[PDB]
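*Asks:* After the C-alpha cells below, expect a handful of questions from me.
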Number of protein chains: 6
Amino acid sequence: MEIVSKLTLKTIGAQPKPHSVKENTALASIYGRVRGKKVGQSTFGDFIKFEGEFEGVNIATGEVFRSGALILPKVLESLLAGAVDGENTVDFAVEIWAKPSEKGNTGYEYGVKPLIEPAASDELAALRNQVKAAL
Amino acid sequence: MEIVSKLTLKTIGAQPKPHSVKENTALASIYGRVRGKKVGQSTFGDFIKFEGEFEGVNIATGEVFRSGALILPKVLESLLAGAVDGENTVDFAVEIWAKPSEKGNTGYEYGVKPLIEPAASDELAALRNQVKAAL
Amino acid sequence: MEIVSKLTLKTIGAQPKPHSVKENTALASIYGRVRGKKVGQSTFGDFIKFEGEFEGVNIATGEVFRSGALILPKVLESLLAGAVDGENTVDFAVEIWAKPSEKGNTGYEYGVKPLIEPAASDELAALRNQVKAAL
Amino acid sequence: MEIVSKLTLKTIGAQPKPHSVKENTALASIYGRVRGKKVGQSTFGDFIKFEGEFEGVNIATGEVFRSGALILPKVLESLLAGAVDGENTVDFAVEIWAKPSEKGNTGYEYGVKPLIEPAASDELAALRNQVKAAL
Amino acid sequence: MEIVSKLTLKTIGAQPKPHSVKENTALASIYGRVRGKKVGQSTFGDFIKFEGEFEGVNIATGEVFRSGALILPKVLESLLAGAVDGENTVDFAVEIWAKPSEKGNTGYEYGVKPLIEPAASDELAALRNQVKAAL
Amino acid sequence: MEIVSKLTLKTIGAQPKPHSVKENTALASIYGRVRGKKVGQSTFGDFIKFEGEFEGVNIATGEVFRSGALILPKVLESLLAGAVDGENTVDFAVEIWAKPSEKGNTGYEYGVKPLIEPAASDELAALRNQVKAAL
DNA sequence: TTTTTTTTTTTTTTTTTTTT
DNA sequence: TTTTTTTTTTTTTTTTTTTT
C-alpha cells in the first residue's frame, strides 16, 4: 500500500509511454466513494478533482494505492461527474484500458469497463428481451 | 544507537543529495509513539514538531537513531497530524521512499509506504470484494 | 528495378506505420535530376511535383525504383524547390530518415541527410577555421 | 551533415536529460552568420528566432547540422540580439556548456564560452595592463 | 592516569580545533557514577556540574583521566540530568563524537553514542517487532 | 573566456567551501568600469548590483570571466559605492583574499588588496614623511 | 588558576495530454 | 559570511487513386 496525495494513472505508474500500445491492454482498477468535486484550470483545459476514499491497483505490478483525491481522464470524469451532485456519497468502480489510436498524439485512447452493473431503463430491457426472442 | 535532539532525514543521513535519484529507493524507517504536536514557523512555511518516543533506521547504513522530537515532510506530517488530536497517544510506523521528480528543484519526491495496515471502511471493503468477484 | 508513375515513400514501401519508430532509422535514398516543378492542391495543402529522372532505393529491402515524377515531404520539397528555378537541370541526392516525435499524429518526423556536400559561403568557412584553431 | 528546419540543442541532440549533469560539460558548438531576427511568443515567454546561415556540431557524437533558422537560450539570445541590429550581417561562434544548478527545475544551467575574441575597450585593457604590472 | 579537578573535552584534550572536522570522528569515552548536580552561570548561559566518580579516555592518544567533577555539553547534560534526581546514584557511559556542521561557529557538532543499552518501553518494542515481521 | 549574467565569487568558482581556509589565500582579481548601481533586497539584507564592464580571474584555475553585472561582498560594496555617484564612470581593480575567522559561520573572512594606488591626502603624506625621518 | 563555546528546521513540489 | 535562480517550448505527418 502506498499513500498518494492525488491518484492518477501517472501516480500509480499506469500511464503508457507514447507510441507503445500495440494491442488493447488493461492498466488500472479504481474504486472508491466520492463526496464532492472541484473544478480546476490547466494549460490543456479545465478538470475535475474528486474528494473521498479511493483505492487504486496497477495490473502489471499489482501495486495498491490509496488517496483522498482523484483526477481522471475526461471521459470517466464526465461519467462520474454526471453521477455525482450534492451531498450524496457515490460509490464507483471501473477498470481502465488502453487502445491503439492512429492519428493520436500519444498513440492510444483510454477505455472504460465498469465493474458495477450500471442502471438501464425498463424500456431498453424490453428491447433486449425482444432481440433475444427471434433468434 | 545514536541519540538525536530531533529526528529528521538529515539527522539520520537519509536526505538525498540534489539531482541524485535515478530510481525509486527507500531511505528510512520511522516508528514511534506520539503524545503531542507543536506548530513552528520557518522561511519556507509552517511545520509541525512531534513529541514522544521515536526510533529511526537508515537503510543504506543500518544505523539506528532515537529521539523525543520528530519533524517530517509535509505529506507524512499532514497524515500523522490528522491521526493525532488531544491526549491520546498515537502509534505509527512508516517507510520513507524517494522517487524522481522532473520539474523539481531537488530532483526527487518523497513517498510513504506504511507498515501498519491502516483503517478502511466496510464500504470500500465491499467494493474490493466486488472487484475480486468478476475476474 | 520497378517503374512507378510517381516516386513516394509509400510507393517504394518506405513510409513507416504509425506509432512504430522507436529509434532513428533510415528509410530511403533518392537521387535524380530535376527539369521542372508543378504545384498541386490536396486536402492537406499544396504540394510540388517534380519532373525529371529519379531513382529510389529502400534500405530494409534493397528494392530499386525509378520514375519521372517525384513528390517529397514538405521540408525536402522546400529545399529542392529553392534549389530549382527555370530551365536549369538540377542534380540532387539525399537520404531520408525517420525520428520519433512525441506530440505527433504519426509518432515520427522525417530527417534529411544529403549525400552531396552542399554549398557554404567563405565566411562560414572562416568561422569553422576559427573554431578549429583554439582547441 | 543533417539539414534541420530550426537549429536547437534539442534538434542536434545536445539538450541534457533532467537531473543528469554531475560536472561541467560541453554540448555543442554553433557558428554562423545572422541577417535578421524575429520575435515570437510561447507559453514560457517571448523568444527570438534568427535567420541566416548556421552550422552546429554535437560533441558527444560529432554530428554536424546546418539550418537557416536558430533559436538559442535566453542568455546567448540576449548577447547576440544586442550584437545584431538592422541590415548588417553578423558573424558569431560560441561553445555551449552545461553546469550543475542546485535549486533548478532541470538541474543544470547553460554556459557560454565564445570562440571569437570579443571587443574590449582600451580602458579595461589599461586595467589589465596595470594588474599584470605589480605581480 | 591523570587526576583532573574537572573533566571536560578540553581537560582531556578532546576538544577539536575550530574548522577541523572533515568527517565524523570519536573523541572521548566517559563513564562514571553521579551522586548530585549543581547549576552554575557563565557568559554563554547556565550549566550543570556533576559530582561523583568519573573516568575519561581520549581515543587519539589513549590517555586516561579521572575526576570527581564533570561538565558536559548541553545535550549530554540534558540527558544525564533528566536521568538523575535526588539521592540515587546513577551509572552512565557514553562515547562522544564530532560531526561537521555547516553554518556553525566552530564547524562541528557533538554526537552521543551510548555504550549501555537504554530503557525502551514495551510498546516501541512491539513496534520494532511488527517492523521486523513484514520484510 | 566565459560570459556570465552576473559576476560573483560563486560564478567564477572562487567562493571557498565552509571550514576550508587554513591560511590566507587569494581567490580572484576583479577589474572593470562602473556606470551605475541598483539596490536590491534578499533574505540576508540589502545589496548593490553594479552595471558596466567587468572582467574576473580565478587564481587557482586561471579562468577568465566577463560580465555586465557585478555583486560584491559588503565591504568591497561599501568602498566602491562610496567611490561611485551619478553619471561618472568609475574604474576599479581589486584582489580578493580569504582569511581564517574563528567565531565565523563559514570559517573565513574576505580581504581587499587594491591594485590601483588609492588617493591619500597631503596631510597623511606629511605624516608618513615625518615617520620616515627619525629612524 | 578559572568553565567555556557550540548550534540553528530545512527545502520540496506543481495536473497533465489525450482525442479528432 | 551565507543569496542575490534556472530551465522547459518554440510540433509533425497524413494525401497527392485505380481499375473495369
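Please note: Cβ atoms are built from the backbone with ideal geometry, for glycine as well, and neighbour counts cover all protein chains shown. Each reported figure results from applying straightforward, stated rules to the coordinates on display, with no laboratory input.
*Asks:* Can you confirm whether residue D:20 is under 30 Å from residue D:102 (Cα atoms), of a type in the set (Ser, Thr, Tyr) and away from DNA strand G (no atom under 16 Å from the Cβ)? Can you show your working first?
*Replies:* Numbers: under 30 Å from residue D:102 (Cα atoms): yes; of a type in the set (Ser, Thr, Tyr): yes; away from DNA strand G (no atom under 16 Å from the Cβ): yes.
Yes; evaluated as a whole, the condition is true for this residue.
*Asks:* Also, I was wondering about something else. Within the set of pairs 6+ apart or on separate chains, which have a first residue in segment A:23-49 that is farther than 15 Å from residue A:90 by Cα, a second that is within 16 Å of DNA strand H (Cβ to nearest atom), and C-beta atoms under 8 Å apart?
*Replies:* Listed by first residue and then by second, the contacts come to A:23/A:100; A:24/A:100; A:43/D:43.
*Asks:* Checking residue C:20 against (1) more than 11 Å from the chain's Cα centre (by Cα); (2) farther than 26 Å from residue D:6 by Cα, which single condition isn't satisfied?
*Replies:* So residue C:20 meets the others, but not (2).
*Asks:* Can you tell me which residues in segment D:87-112 are among the hydroxyl-bearing types (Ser, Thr, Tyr), touching a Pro at 6+ places or on another chain (Cβ under 6 Å) and within 14 Å of chain B (Cβ to nearest Cβ)?
*Replies:* Within segment D:87-112, D:106, D:108 qualify.
*Asks:* Of the residues that make up segment D:13-26, is at least one acidic (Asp, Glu), within 14 Å of chain B (Cβ to nearest Cβ) and out of contact with any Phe, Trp or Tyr (no Cβ under 6 Å at 6 or more places or on another chain)? Spell out how you get there, then give the answer.
*Replies:* Within segment D:13-26, the first condition is being acidic (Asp, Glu), and the residues that meet it are D:23.
So of that shortlist, the ones also within 14 Å of chain B (Cβ to nearest Cβ) come out as D:23.
Next, only the ones that are out of contact with any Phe, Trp or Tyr (no Cβ under 6 Å at 6 or more places or on another chain) stay: D:23.
Yes, there is a match, as at least one residue in segment D:13-26 is acidic (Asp, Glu), within 14 Å of chain B (Cβ to nearest Cβ) and out of contact with any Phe, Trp or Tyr (no Cβ under 6 Å at 6 or more places or on another chain).
*Asks:* Can you find, within segment D:72-111, the residue that is surrounded by the fewest Cβ atoms within 10 Å (Cβ to Cβ) among those that are at positive phi and within 13 Å of DNA strand H (Cβ to nearest atom)? Spell out how you get there, then give the answer.
*Replies:* Taking segment D:72-111 first, the residues at positive phi are D:86, D:103, D:107.
Those left that are additionally within 13 Å of DNA strand H (Cβ to nearest atom): D:103, D:107.
Details: D:103: 8, D:107: 26.
Among those residues, the one meeting the criterion is D:103.
*Asks:* Let me confirm something: among D:80, D:72, D:124, which residue is in contact with an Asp or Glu (Cβ under 8 Å, 6 or more places away or on another chain) and either under 23 Å from residue D:26 (Cβ atoms) or not basic (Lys, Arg) (or both)? Can you show your working first?
*Replies:* On the way: D:80 fails: in contact with an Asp or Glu (Cβ under 8 Å, 6 or more places away or on another chain); D:72 fails: in contact with an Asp or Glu (Cβ under 8 Å, 6 or more places away or on another chain).
Of the residues listed, the single one that is in contact with an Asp or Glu (Cβ under 8 Å, 6 or more places away or on another chain) and either under 23 Å from residue D:26 (Cβ atoms) or not basic (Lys, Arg) (or both) is D:124.
*Asks:* Taking residue E:116 as the residue in question, decide whether it is more than 16 Å from DNA strand H (Cβ to nearest atom) and within 20 Å of residue B:2 (Cα to Cα). Reasoning before the result, please.
*Replies:* Numbers: more than 16 Å from DNA strand H (Cβ to nearest atom): yes; within 20 Å of residue B:2 (Cα to Cα): yes.
Judged against the criteria, residue E:116 is a match.
*Asks:* Further question: Could you count how many residues in segment E:113-131 are surrounded by fewer than 12 Cβ atoms within 10 Å (Cβ to Cβ) and facing chain B (nearest Cβ under 7 Å)? If you could, list the steps in order and put the result at the bottom.
*Replies:* The first filter runs over segment E:113-131 and keeps only residues surrounded by fewer than 12 Cβ atoms within 10 Å (Cβ to Cβ), leaving E:116-119, E:121-122, E:125, E:129.
Of the ones still in play, those that are also facing chain B (nearest Cβ under 7 Å) are E:121.
Total satisfying the criteria: 1.
*Asks:* Related question: Those residues that are surrounded by 14 or more Cβ atoms within 10 Å (Cβ to Cβ), touching a residue at least 24 places away in the same chain (Cβ under 8 Å) and farther than 18 Å from residue C:126 by Cβ, I need them from segment D:55-71; list them, please.
*Replies:* Going through segment D:55-71, the residues surrounded by 14 or more Cβ atoms within 10 Å (Cβ to Cβ) turn out to be D:55-59, D:63-71.
This time we only want the ones that are touching a residue at least 24 places away in the same chain (Cβ under 8 Å), so: D:55-59, D:63-67, D:69-71.
Those that are surrounded by 14 or more Cβ atoms within 10 Å (Cβ to Cβ), touching a residue at least 24 places away in the same chain (Cβ under 8 Å) and farther than 18 Å from residue C:126 by Cβ: D:58, D:59, D:63, D:65, D:67, D:69, D:70, D:71.
*Asks:* Could you please find all residues in segment E:8-17 being within 10 Å of DNA strand G (Cβ to nearest atom) and in contact (Cβ under 8 Å) with a residue 40 or more places away in the chain?
*Replies:* To start, the set of residues in segment E:8-17 that are within 10 Å of DNA strand G (Cβ to nearest atom) comprises E:8-11, E:14-17.
Those that are within 10 Å of DNA strand G (Cβ to nearest atom) and in contact (Cβ under 8 Å) with a residue 40 or more places away in the chain: E:8, E:9, E:11, E:14, E:16.
*Asks:* Of the residues in segment F:31-62, how many are more than 10 Å from every other protein chain (Cβ to nearest Cβ), under 27 Å from residue D:115 (Cα atoms) and touching a strand residue (DSSP E or B) at 6+ places or on another chain (Cβ under 8 Å)? Lay out the reasoning, then the answer.
*Replies:* Start the filter on segment F:31-62 by keeping residues that are more than 10 Å from every other protein chain (Cβ to nearest Cβ), which leaves F:34-42, F:44-51, F:56, F:58-62.
Narrowing the set further to residues that are under 27 Å from residue D:115 (Cα atoms) leaves F:34, F:50-51, F:56, F:58-62.
Then keep just the ones that are touching a strand residue (DSSP E or B) at 6+ places or on another chain (Cβ under 8 Å); that gives F:34, F:50-51, F:56, F:58-60.
Of the residues in that region, 7 qualify.
*Asks:* So, one more: For segment A:12-23, which residues satisfy the criterion of being under 14 Å from residue C:19 (Cβ atoms) and among the polar types (S, T, N, Q)? Give the derivation first.
*Replies:* Within segment A:12-23, the subset under 14 Å from residue C:19 (Cβ atoms) is A:16-23.
Correct list: A:20 only.
*Asks:* Continuing with the same structure: So residue A:72 clears everything in (1) out of contact with any strand residue (DSSP E or B) (no Cβ under 7 Å at 6 or more places or on another chain); (2) within 21 Å of residue B:100 (Cα to Cα); (3) hydrophobic (A, V, I, L, M, F, W, C) except one condition, right? Which one?
*Replies:* Looking at each condition in turn, residue A:72 falls short on (2).
*Asks:* Let me confirm something: among E:34, E:21, E:4, which residue is surrounded by 20 or more Cβ atoms within 10 Å (Cβ to Cβ) and over 14 Å from residue E:77 (Cβ atoms)?
*Replies:* Details: E:34 fails: over 14 Å from residue E:77 (Cβ atoms); E:4 fails: surrounded by 20 or more Cβ atoms within 10 Å (Cβ to Cβ).
Residue meeting the stated conditions: E:21.
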